[PDB]
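The chain below stands alone and is given as structure tokens, in the form deposited in one PDB entry.
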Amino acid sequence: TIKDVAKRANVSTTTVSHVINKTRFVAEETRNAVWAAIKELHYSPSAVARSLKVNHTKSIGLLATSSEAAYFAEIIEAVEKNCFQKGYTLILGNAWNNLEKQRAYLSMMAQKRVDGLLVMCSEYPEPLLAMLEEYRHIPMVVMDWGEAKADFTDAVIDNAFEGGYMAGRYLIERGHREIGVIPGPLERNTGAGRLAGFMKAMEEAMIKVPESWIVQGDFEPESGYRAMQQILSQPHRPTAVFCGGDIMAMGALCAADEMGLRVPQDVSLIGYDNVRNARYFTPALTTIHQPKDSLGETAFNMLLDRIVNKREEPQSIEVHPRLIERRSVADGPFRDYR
């Protein structure tokens, strides 16, 4: 069709091209003439044709886990913002923690020739680390690890341990000594690592959380419901709960309510993520905030780098979590003795 444009215009397609991408000087007269064509002809320059030549699609892929999840969801909208303002196109893909599903999108992606690869897989088994590294050729960053798992990728790191530690600390310094925890999947950084940070702060205070007081969640409100229920539903119960993430928290909240307990009056609860509307939880949720936005833009940024600046060596950037005091927490029994 570029051939058609050049013809109504009586100029080479070579010309037509040039004006369309201001890649060389063209007489005004001519320049206009081209547009004239472009417009009546109702011309849309084929990006694939062009991609085929110039060798780059100007499009990138999000090999994510799932997008409905609050946490996720926000991280994405960010990444998207950055793609846009920097001309990039977004290819969203959810593997649902499914190897086959991953090997698939991974491939679809390579074939579709995405310029770089954004990776958010949550769990990362050897089997996955492997597939991932057969595409080391395509530039990519994994935006969800705690430490730098491989050498063939860039990494953004959240310090979800210092976060877990802040979480504990707060409770500790609030009067609390009988604490419970519902962590996320241990096969996940935001899961395991958060917990760990929490437990250190605890050992440091010689608080010993009883195993009957620690219940695994899956980051989904239902898991939160069940956990909290399991906790409060027992002879002896803590006065404070640390919840692996805000939506589970939102779950934990409900159940405590359905069991007629008061938050934070009867049970204090602190979560983690600082999700968009945790402030409208009831009560307004006190949590640890994860800089999802920065996390996103910081990821785009590294990728872009490797991309244009053709960087080879790996990189890793740390991002930092911070306490947000809302109102789901209250002074514990030992506050006055400190």
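In this text, the rigid core denotes the largest set of C-alpha atoms whose superposition between the two forms falls within 1.5 Å. In case it trips you up, residue 1 is the first one in the sequence shown, and so on.
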| query | finding |
| --- | --- |
| Other entries lacking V142, at least a third | no |
| Entries skipping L186: at least a third of other ones | yes |
| Stretch with the greater mean C-alpha B-factor as recorded in the entry, comparing 164-172 against 77-85 | 77-85 |
| Mean temperature factor over C-alpha atoms, higher-scoring stretch between 284-292 and 23-31 | 23-31 |
| Among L303, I270, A36, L63 - the residue whose C-alpha B-factor is largest in the record | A36 |
| Most elevated Cα B-factor in the entry, residues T190, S223, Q234, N159 | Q234 |
| Relative C-alpha B-factor of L117, binned into the chain's lowest, middle or highest third | middle |
| Chain third (lowest, middle, highest) by recorded CA B-factor, residue given as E297 | lowest |
| Position of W96 among the chain's modelled residues by C-alpha B-factor, lowest, middle or highest third | highest |
| Third of the chain's Cα B-factor distribution that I324 belongs to, per the entry | lowest |
| Cα B factor band for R177 (lowest, middle or highest third within the chain) | lowest |
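Another form exists, deposited in another entry; not displayed. Remarks below refer to it.
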{"query": "Single mover in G175, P264, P221, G93, with Cα shift of 2 Å or more between the shown form and the other one when the core is superposed", "finding": "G93"}
{"query": "Rigid core fit then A330 CA moved by 2 Å or more between the shown form and the other one", "finding": "no"}
{"query": "Flag for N159, CA shift 2 Å or larger between the shown form and the other one after aligning core", "finding": "no"}
{"query": "C-alpha of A278 off by 2 Å or more between the shown form and the other one on rigid core", "finding": "no"}
